[PDB]
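A lone chain, given as structure tokens: the form deposited in one PDB entry.
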């Protein structure tokens, strides 16, 4: 009876293939050592965190938009259009926990993803696409990330 922990640094703009895969029952948390909710204007995304499947599809895209004051979730296929957007308003509100740092956890629930920011569940995203996560990525628009330039992802796998 053995689960695993895996630890990745992700620079803004970079992707990472996962040493182990995230499937149902598993957890991935993105840790940022800074929080800039006065950061300015994304075009449109201040920061996006992404779970990507084997072929470069987005199972989950989490995008913080200060100037639109929303957090935007979505999925898509590789080279195909962005699917049905979901939104949660007030960005700065979901972060009242820690100043100067934050964490974003994605609980893979099989049919959904629970997304928790620090201690607060911000969406129970019903999946638009099924599949194993093999890749995580972090983007920003330069000069306006709400998060550090490096984000530490930790994965807890072997859970099921």
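Residues that one form lacks are left out of the comparison. Between two forms, the rigid core is the largest collection of C-alphas that superpose within 1.5 Å. Positions refer to the first chain, counted from 1.
Another form exists, deposited in another entry; not displayed. Remarks below refer to it.
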| remark: Only one of 34, 92, 41, 129 shifts its Cα by 2 Å or more between the shown form and the other one once the rigid core is superposed, namely 41
| Using the core for the fit, does the CA position of residue 143 change by 2 Å or more between the shown form and the other one? | yes
| said: At a change of 3 Å or more, would you call the C-alpha separation of residue 81 and residue 45 in the other form closer or farther than in the form supplied? | reply: farther
| message | Having a change of 3 Å or more in the C-alpha distance between residue 42 and residue 108, I'd like to know whether it is closer or farther in the other form than in the form here. | response | farther
| query | Which parts of the chain move between the shown form and the other one, counting only runs of three or more residues whose C-alpha shifts are all 2 Å or more after core fitting? | reply | 39 to 46, 141 to 144
